[PDB]
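Structure, as structure tokens:
Every residue, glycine among them, receives a Cβ derived from its backbone with ideal geometry; neighbour counts consider all protein chains shown. Each answer follows from the model by the rule given with it, or from the source it names; no laboratory read-out is quoted.
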Amino acid sequence: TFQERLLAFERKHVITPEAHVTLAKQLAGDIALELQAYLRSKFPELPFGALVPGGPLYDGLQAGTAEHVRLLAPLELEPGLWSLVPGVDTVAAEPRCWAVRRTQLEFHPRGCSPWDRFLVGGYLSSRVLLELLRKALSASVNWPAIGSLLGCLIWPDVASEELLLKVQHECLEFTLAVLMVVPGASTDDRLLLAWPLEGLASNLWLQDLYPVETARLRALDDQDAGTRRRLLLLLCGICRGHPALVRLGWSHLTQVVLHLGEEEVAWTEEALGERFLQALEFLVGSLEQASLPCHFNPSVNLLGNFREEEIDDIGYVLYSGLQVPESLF
């Protein structure tokens, strides 16, 4: 029966050995302090906060390093000198993005803020910020020495802004995503990231709902000892398992679990198999209508940039939910 195979798959392909989790946090934590030391040394005029490692590796166990490890570099913006403009209200009419508008230019002209050098027109440009950090990471940070000090190899990847970590021999590999971030809301912990999409509006920042989403999932599970977050890790592991399903990533499947999870329905381990099948069901339904909106930002459709064949292809792989469920493990 289904429950046994599900637990078995979780045991074999989802759960991460605690030595590897402990080790990964150690390297990522240590890389952050070295990288922070560099940034403070080389750019003391740029008021970044302390680098914060995070992501699924840190937020509950035992996710491990299946996903990227977030390395947050917070910009400290002068209060009231900067204003948020939602991307859907800019000329790029992009709900996934946000603009950061320089304010009070009459009495505080360009140059009053250290961030002004990253201005393109009247907005703080994530793209220009990205260029600066990419250059520092790739040509200005002493990665051979840091690697030597920590007994591993660290090097910048050829796309976006990723730090690849080898190994450390002891059965581990992972990726650090260096994320320059601004606060994006006063009432919760959502962020704006300086992240590429280097077509369209690269001056715009990318909305990051990850902190809000994981707080919600943690909040929900803590009140009924639920398995929502456990289910999200399952869904991720399976989709990584299939070359067709690989585009369905953490953020996509989060939406699925928030939808089901936002109900007073059984979230015990006993019902995990049913919650799982219900998720596949929801996914297949979302696919045929090509709509999977963000729970905390419904105007963004996480399936929007999928081509028709992609969706159709994912659909036929996901067929198995009630009919032949362990065919997919």
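Data for the structure
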quantity: Filter result for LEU217 (out of contact with any helix residue (DSSP H, G or I) (no Cβ under 7 Å at 6 or more places or on another chain), crowded, with 21+ Cβ neighbours inside 10 Å and closer than 30 Å to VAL85 by Cβ); calculated: no
quantity: Filter result (within 17 Å of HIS295 (Cα to Cα) and out of contact with any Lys or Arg (no Cβ under 6 Å at 6 or more places or on another chain)) within the range 212-234; calculated: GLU213, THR214, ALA215, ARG216, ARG218, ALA219, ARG228, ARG229, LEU232
quantity: Qualifying residue in the range 19-38 (condition: assigned to a helix (DSSP H, G or I), surrounded by 17 or more Cβ atoms within 10 Å (Cβ to Cβ) and among the charged types (D, E, K, R)); calculated: yes
quantity: Any pair with Cβ under 7 angstrom, 6 or more apart, that starts in the range 104-133 at a residue that is closer than 17 Å to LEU46 by Cβ and ends at one that is exposed (fewer than 14 other Cβ atoms within 10 Å of the Cβ); calculated: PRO114/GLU45; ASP116/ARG110; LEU119/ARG110; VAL128/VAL120
quantity: Any hit, the range 232-241, residues being among the charged types (D, E, K, R) and more than 22 Å from the chain's Cα centre (by Cα); calculated: no
quantity: Exclusive hit being more than 26 Å from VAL182 (Cβ to Cβ) and not β-branched (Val, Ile, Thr), set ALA19, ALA28, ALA50; calculated: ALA19
quantity: Selected residue (criterion: farthest from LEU179 (Cα to Cα)) from residues of the range 79-130 that are in contact with a helix residue (DSSP H, G or I) (Cβ under 8 Å, 6 or more places away or on another chain) and assigned to a loop (DSSP other than H, G, I, E, B); calculated: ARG110
quantity: Counted residues, the range 1-18 - those being over 20 Å from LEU277 (Cβ atoms) and outside any helix (DSSP H, G or I); calculated: 3
quantity: Among residues of the range 276-298, those that are touching a helix residue (DSSP H, G or I) at 6+ places or on another chain (Cβ under 8 Å) and either acidic (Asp, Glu) or loosely packed, with under 13 Cβ neighbours inside 10 Å (or both), counted; calculated: 1
quantity: Some residue of the range 229-248 being closer than 30 Å to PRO86 by Cα, basic (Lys, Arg) and surrounded by 18 or more Cβ atoms within 10 Å (Cβ to Cβ); calculated: yes
quantity: Subset of the range 299-311 that is within 27 Å of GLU326 (Cα to Cα) and in contact with a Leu (Cβ under 8 Å, 6 or more places away or on another chain) - its residue that is surrounded by the most Cβ atoms within 10 Å (Cβ to Cβ); calculated: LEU302
quantity: Exclusive hit being touching a helix residue (DSSP H, G or I) at 6+ places or on another chain (Cβ under 7 Å) and farther than 25 Å from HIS13 by Cα, set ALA185, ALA194; calculated: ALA194
quantity: Test: residue in the range 101-112 that is loosely packed, with under 15 Cβ neighbours inside 10 Å and aromatic (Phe, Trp, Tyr); calculated: yes
quantity: Selection within the range 57-74 - outside any strand (DSSP E or B) and β-branched (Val, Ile, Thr); calculated: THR65
quantity: Test: residue in the range 58-75 that is among the aliphatic types (A, V, I, L, M), out of contact with any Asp or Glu (no Cβ under 9 Å at 6 or more places or on another chain), surrounded by fewer than 14 Cβ atoms within 10 Å (Cβ to Cβ) and farther than 30 Å from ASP221 by Cα; calculated: no
quantity: Some residue of the range 43-56 being in a helix (DSSP H, G or I) and not assigned by CATH to the domain that holds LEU248; calculated: no
